[PDB]
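These notes are about the structure you will find just below.
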Amino acid sequence: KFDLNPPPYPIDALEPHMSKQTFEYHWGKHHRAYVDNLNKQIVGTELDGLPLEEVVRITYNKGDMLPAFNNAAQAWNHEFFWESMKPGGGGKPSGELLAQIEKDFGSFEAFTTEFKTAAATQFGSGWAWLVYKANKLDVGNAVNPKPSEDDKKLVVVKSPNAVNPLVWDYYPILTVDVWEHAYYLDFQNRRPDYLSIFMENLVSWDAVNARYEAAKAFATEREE
Amino acid sequence: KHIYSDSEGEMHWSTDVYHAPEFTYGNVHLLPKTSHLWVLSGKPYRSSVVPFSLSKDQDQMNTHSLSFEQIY
Amino acid sequence: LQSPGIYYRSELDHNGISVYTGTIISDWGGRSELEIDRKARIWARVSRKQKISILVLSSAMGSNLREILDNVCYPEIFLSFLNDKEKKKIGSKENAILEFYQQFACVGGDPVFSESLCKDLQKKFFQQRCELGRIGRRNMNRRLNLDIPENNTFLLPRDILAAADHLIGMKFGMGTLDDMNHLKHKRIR
Amino acid sequence: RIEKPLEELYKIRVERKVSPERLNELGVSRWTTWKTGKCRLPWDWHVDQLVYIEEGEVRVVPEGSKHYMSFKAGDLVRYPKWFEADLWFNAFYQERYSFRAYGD
Amino acid sequence: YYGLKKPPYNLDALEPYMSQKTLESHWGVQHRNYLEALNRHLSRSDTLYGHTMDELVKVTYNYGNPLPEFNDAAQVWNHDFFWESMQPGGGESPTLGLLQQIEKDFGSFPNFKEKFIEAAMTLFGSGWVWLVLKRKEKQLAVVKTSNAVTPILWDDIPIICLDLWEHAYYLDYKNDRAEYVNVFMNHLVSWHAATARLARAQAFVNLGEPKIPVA
Amino acid sequence: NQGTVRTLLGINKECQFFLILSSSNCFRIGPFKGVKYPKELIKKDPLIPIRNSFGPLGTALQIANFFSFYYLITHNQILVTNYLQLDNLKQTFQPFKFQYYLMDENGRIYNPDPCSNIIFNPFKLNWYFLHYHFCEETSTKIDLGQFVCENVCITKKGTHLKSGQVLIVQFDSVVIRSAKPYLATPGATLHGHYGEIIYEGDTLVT
Amino acid sequence: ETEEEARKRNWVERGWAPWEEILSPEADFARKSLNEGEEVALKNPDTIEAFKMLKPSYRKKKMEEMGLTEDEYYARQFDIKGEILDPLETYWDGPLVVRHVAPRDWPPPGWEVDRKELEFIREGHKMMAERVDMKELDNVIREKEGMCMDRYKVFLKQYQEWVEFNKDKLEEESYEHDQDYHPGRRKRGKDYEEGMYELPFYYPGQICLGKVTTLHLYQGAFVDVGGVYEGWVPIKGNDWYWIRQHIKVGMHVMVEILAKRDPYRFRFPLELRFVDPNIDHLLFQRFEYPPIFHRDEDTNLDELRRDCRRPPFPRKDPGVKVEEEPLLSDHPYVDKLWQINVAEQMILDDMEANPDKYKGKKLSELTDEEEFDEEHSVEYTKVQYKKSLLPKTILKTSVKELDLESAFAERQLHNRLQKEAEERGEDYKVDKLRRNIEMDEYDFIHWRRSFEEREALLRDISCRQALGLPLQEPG
Ligand SMILES: [Fe+3]
């Protein structure tokens, strides 16, 4: 039993450049279909009655993706994307986020360019993510505890179709949808304009900060 | 009597031989009227890696090189 | 002396029956013949007319079921009659080692497995009937055209499998019979 | 007749004498370093590798080959997937590598 | 430099089924952009300028590891095929030659239609669906490819191709492929084009039985 | 010691031998004489020494700064045919199809041999003015795959062909590939299928 | 089965074909007289003729009574016997409207041309996209001249100079690589008539015409297109049983290039198909991979395949995932550090513990003792363990690669601690020296390389499974 949570904002009030028809079509025709098909897949027990995180990891059997993966991962991605948007999303990071961005991605004047290029040169229909690095790959190792130092960096990664960051190791803190249905009504077939003005003002940095703090806390929990 | 051929390489039929081996799971054919059996000269080699080797149908090679030794 | 190896023979019959014998000679002289009678059951005739055993079971690994016996043309040849002839591989075709003929050599009544009997019959099974030696291994690799390292001088399942294949294929056209007098089948001491 | 350079045969794309504007766009600065001396490293790359040799030589030999390629400071070698080479290092050697999967 | 190949009909020929703006955006902008990128990429290299379009597609796609050329070249080839795989007011039942092959290899036209619709529906993301011949077995088959992969890369002659990218069916059909694929199979396929392609492929694949002498 | 591979294969796999054909297996039959003239040549319109051949009509250029319409016979020689199936036997040429779409596709340049023979097969002095009959192939009529037995003479006291199967049918030469006939009587037992790899000592027939 | 499918099996699979045999009159009589019996009266018709034809004077009577003179009675025994096929008829598909554009593969690699000249030439390639209707084809200008071919003219000038310059070089190379002449090779020597087209003059798409000069049973028909390199239409096997009744020597045919190839690697560089006539309904066996050359200069069998674009040699599947596996931690340089570190202590302890052996210990600038060369190390020495002689390792580590100053100062510092620790008894904490720290540091560096290589596979495997690209390289 998975529900279609509505966007955490009115659709009309988020229309200075993003039309309401995009809200009605991308969510309510794709998201609705994704959730309904997911539920129909797990109407039965399937050992996946009401698990957290929409299964995803169990369906992904180190490849050999089960039929429920392509739906559960996409539903999670759409839910994450909707929460990562605000009615008015300009501004800049602050405090810990700015410090980490400066430590990793040079200056914030360069991280936005890097993310725009990462989300602009993806061929097909996929996703762009800013994610938090991790460790603990799998059995067979060396000094893998790697007595060294704080690595725990931030990295920009692009994935095709429904492939997700946490599948391998990572912790998502920001996402951008680059599927053709997310910008066709407003921008036809020009991704760079969509990405540029989305980064201009469509994204909430407080959600990114909350995800970053949650990732750091979870990492500390793993280390103990 | 038996023949004990004195060459190497394939055979040809070309007429007047039954196209069906008697005593199935065998190699013996029978001749209705009479015929000639030809032995086209060649150099036969045995190798079970031909279907996925590098030496394809009509290729020119020295028979002392690496490509030949991949087969035989 | 006749060198160890495999020799095929046919001495006919008064009825007009061809007897395709597949005799095997070890270094000491252990004969374990194989024969077919108009697509009959291949049997390891031990001696005289007794112990007419049909199965090719392993005393270790012999995959009697399938999937390794189907190595030349067909493993059916009256496949276990009613699909089992008794029962199936497990450890033996009736368990108790070597089916029920584990200890069938000679006894005053009914035979029961014993250490002395087992050691006595080991000569007829493995010791004195599977020590081919260098010459025996070379002759077996030549006649059957197999591929085994030359240091292996013991009877392998593939050896008997190829022997049975050649025996059944001899009737089906292609094949030839060995000569007991040819010097390539003799050795000098 | 010029034989096709072993450099391109395996589809290794090398950019000899890299300009500095190229690097900043590619961000070679934040690349994990690797170093060695007189060595011989056989490797079986499962992933593409972008290399920035900083000082030295490589004399890379593909598996089974009787020839060699050579590299030096200022290269941008792109050792490809499923490659099987026999890197023969001489003297000191430094590098920056940035293993890349499908995309970018 | 492979200048643009015009579609065999005007941009408003398929207006009741494919809007004029859709043709203007698909061909005027997208295909032209792919070809312009391919042209810029071809300007630099001179060992790739001496390659045919098929050779360029088959080489820039390595044995599983595409170069920074496969996407644009394969897209240009696929869009050429797609434009040549239609006709104004076409569709319906096939003609001679192709119908017997389809019936022999599939069973009937409705069977082919159902299999084509099903194989188009089971595609995730952006890709293409194809009805292609198959060498070494000489049998028509419905196949699927993702992104910019073509059935040419494994010695298959494409006969019919259908665009399943979201950039094709969004100006009039929005977010459903049922209407789009049904319209394509009803009033947009060109059985003349498929027949011509099968006739040309007959040169490289022999769909027939040898004339064995009686002797 | 070089040789050409010869893979039996034939979409069949039992033991998969393969042959090597060397210069010791196949030889060349010495030069002979035969006819090699059979053409339907057209009239040239030489332009920049690249040829613009056109037979029936006059020179046919076209607009757009580049074209040369060298058209030949076409559907004008057809009589209520069909354009689909029923045409595979005696198939058409340059099958880009024009029936339905009704739009020709311009092919590429005709870069090829130029040819001449303004006097046909009478370059120096010759004639063929006679009845329609009495015309046949000359001493090249030995076709591919033909098995030639020993002592067979092409001409009167000519070349005395050897045993083998004709491999090459060049204008004045033939490659024979050698063979060895074996006469077989009724009620005989051939040992082996077609194309069976025969070794040095194995039997053929009983 | 019966002799309608069993005969079919021989043709389609084993390549059977009833090629006609030219039997001599002595061999002809044998086949037509062994059917009756061992020694019986010959009353069968067409057998008495064979017996009667053994006399040459009777053959003369037979031919003269039929006519045909001589030199034709000999040539009538080579005729095809069986189902004589009705003759070929070649239709078309409309007008042969053609362009005239330079081949794309211009200039040849190595040749130098002004790029501005080619930038004008290459516009001709970009114009091969527009189509032509029958309308505007009835508007034939028909003036016999005034052709606007300009870019092709520029290419002809460039090509003409190329031929006159490199012709001597090309002929010399063909004499060097290829020993003898075969169809598809360079037309060198006496057979080179000035004016033949070169390989760069050709390109796929062009439609040519030529004469059939060579039929090969296993390779096909070789048509003289008009260049130094002949054409090649791949026809093999028993397809010639019917094709030979349509294609004969000397026939003028129209062909189209399918693909031109490198003459050095591929055996036949030009591949064509018959556009006039059309024998596409008779071809059943086709070459899976174009023939190539296996020369002695090719030392690696894995470079040869990349040249011809052939699948590699398959390897038996190990069965392991190669995704979960122990990460490599060794470093190549450590195996030399062990030799470097041992040599330091082997010389140190022979220099400080026994200073009088070498009078003065000038390790800050110590020079070498023996002459050393880099390319010899055969050190196994037959070391004995009181049982037999088994190899061990005592290798040459000449001081040229040895840095003694770092260890020279360090050992005295360590030696001071041990002599001062005899009194109080504090635990002597000496476990790692300068070299043994580099061993763990370099093993750490190699760990980082193996760390990310296995890390990138996690994203790579997922991407190639979401789309469909192969995981293991083909074969
Ligand atoms: Fe989406």
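Within each chain, counting starts at residue 1; across the structure tokens, chains are named A, B, ... in the order shown, with ligands numbered 1 upward in that order.
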Using only C-alpha atoms and all ligand atoms, which residues have at least one atom no more than 10 Å from ligand 1? Output them as JSON, numbers by chain. {"A": [26, 27, 30, 31, 74, 75, 77, 78, 79, 81, 125, 126, 127, 161, 162, 176, 177, 178, 179, 180, 181, 182, 183], "E": [125]}
Restrict the calculation to only C-alpha atoms, then for each residue of chain F with any atom at most 6 Å from an atom of chain E give the closest atom pair and their distance in Å to one decimal, rows by chain and rising residue number, as a tab-separated table.
```
residue	atom	partner	partner_atom	distance
F:84	CA	E:97	CA	5.5
F:85	CA	E:97	CA	4.4
F:97	CA	E:196	CA	5.8
```
Would you save the residues of that selection, restricted to C-alpha atoms, as an mmCIF file, in the first residue's frame?
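Below is the file selection.cif, written as the result:
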```
data_model
loop_
_atom_site.group_PDB
_atom_site.id
_atom_site.type_symbol
_atom_site.label_atom_id
_atom_site.label_comp_id
_atom_site.auth_asym_id
_atom_site.auth_seq_id
_atom_site.Cartn_x
_atom_site.Cartn_y
_atom_site.Cartn_z
ATOM 1 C CA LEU F 84 5.914 -6.898 -55.054
ATOM 2 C CA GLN F 85 6.158 -10.677 -55.217
ATOM 3 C CA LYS F 97 11.288 1.119 -55.702
#
```
Could you build a table of the residues in chain G lying no more than 9 Å from chain A, giving for each the nearest pair of atoms and their separation in Å rounded to one decimal place, using only C-alpha atoms, ordered by chain and ascending residue number, as CSV?
```
residue,atom,partner,partner_atom,distance
G:324,CA,A:139,CA,7.0
G:325,CA,A:140,CA,5.5
G:326,CA,A:140,CA,4.0
G:327,CA,A:141,CA,5.2
G:328,CA,A:142,CA,7.5
G:329,CA,A:142,CA,6.4
G:444,CA,A:143,CA,8.0
G:447,CA,A:142,CA,7.3
G:451,CA,A:144,CA,8.3
G:454,CA,A:137,CA,8.6
G:455,CA,A:137,CA,7.4
G:458,CA,A:168,CA,5.9
G:459,CA,A:168,CA,6.9
G:461,CA,A:63,CA,7.2
G:462,CA,A:63,CA,6.3
G:463,CA,A:160,CA,6.5
G:465,CA,A:63,CA,6.7
G:466,CA,A:161,CA,7.0
G:467,CA,A:160,CA,7.9
```
Can you check which residues of chain B have any atom within 9 Å of chain E? Use only C-alpha atoms and format it as a PDB file with C-alpha atoms, in the first residue's frame.
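What landed in out_2.pdb:
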```pdb
ATOM      1  CA  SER B  14      27.941 -36.551 -58.743  1.00  0.00           C
ATOM      2  CA  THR B  15      25.457 -39.268 -59.890  1.00  0.00           C
ATOM      3  CA  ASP B  16      24.132 -42.810 -59.556  1.00  0.00           C
TER       4      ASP B  16
END
```
Need the shell around residue 473 of chain G: protein/DNA/RNA residues with any atom at most 9 Å away, counting only C-alpha atoms. Skip same-chain ones fewer than 2 positions apart. Format as a ChimeraX atom specification? /D:81-82 /E:63-64 /G:470-471,475
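The strand (DSSP E or B) portion of chain B consists of residues 22, 28, 29, 30, 35, 36, 43, 44, 45, 46, 60, 61 and 62 of chain B, with states taken from DSSP on the backbone.
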Please identify the alpha helix (DSSP H) residues within segment 224-407 of chain G (assignment by DSSP from backbone atoms) and present them as JSON, numbers by chain. {"G": [240, 241, 242, 243, 301, 302, 303, 304, 305, 306, 307, 308, 334, 335, 336, 337, 338, 339, 340, 341, 342, 343, 344, 345, 346, 347, 348, 404, 405, 406, 407]}
Name the closest residue to residue 31 of chain B among the candidates G:235, G:35, G:362, G:43; distances are taken between atoms, counting only C-alpha atoms. G:35
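Nearest residue to chain G among B:28, B:37, B:20, B:71 is B:20, counting only C-alpha atoms.
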Taking only C-alpha atoms into account, which of C:134, C:142, C:129, C:182 comes nearest residue 155 of chain C? C:129
If you take only C-alpha atoms and a cut-off of 9 Å, which residues of chain D touch chain E, and what are their nearest atom pairs and distances in Å to one decimal, in chain and number order, as JSON lines?
```
{"residue": "D:11", "atom": "CA", "partner": "E:67", "partner_atom": "CA", "distance": 8.6}
{"residue": "D:80", "atom": "CA", "partner": "E:65", "partner_atom": "CA", "distance": 8.5}
{"residue": "D:81", "atom": "CA", "partner": "E:65", "partner_atom": "CA", "distance": 7.5}
{"residue": "D:102", "atom": "CA", "partner": "E:65", "partner_atom": "CA", "distance": 8.5}
```
Serialized selection, C-alpha atoms, as a PDB file, in the first residue's frame:
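Final output, result-v4.pdb:
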```pdb
ATOM      1  CA  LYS D  11      40.737   2.879 -29.429  1.00  0.00           C
ATOM      2  CA  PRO D  80      39.502   1.538 -22.299  1.00  0.00           C
ATOM      3  CA  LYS D  81      37.221  -1.139 -20.867  1.00  0.00           C
ATOM      4  CA  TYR D 102      29.212   4.863 -18.875  1.00  0.00           C
TER       5      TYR D 102
END
```
Distance table requested - chain A against chain D, cut-off 9 Å, only C-alpha atoms: one row per qualifying residue with the closest atom pair and its distance in Å to one decimal, ordered by chain and rising residue number, as CSV.
```
residue,atom,partner,partner_atom,distance
A:104,CA,D:30,CA,8.5
A:114,CA,D:25,CA,8.6
A:118,CA,D:104,CA,8.0
A:121,CA,D:104,CA,7.8
A:122,CA,D:103,CA,7.2
A:123,CA,D:103,CA,8.3
A:158,CA,D:103,CA,8.0
A:159,CA,D:103,CA,8.7
```
To one decimal in Å, tell me the separation between atom CA of residue 96 of chain A and atom CA of residue 115 of chain A. 19.1 Å
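Distance annotation: of F:43, F:161, F:198, F:206, the residue with the minimal separation from residue 46 of chain B is F:198; atom set is only C-alpha atoms.
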With a distance cut-off of 12 Å and only C-alpha atoms, select the neighbouring residues of residue 29 of chain D, excluding the residue or stretch itself and same-chain residues fewer than 2 positions from it, and output the selection as an NGL selection string. (:A and (104-106)) or (:D and (20 or 22-27 or 31-33 or 51-52 or 54 or 95-98))
Counting only C-alpha atoms, which residues from chain B have an atom at most 8 Å from any atom of chain G, and could you show them as a count of residues only? 23
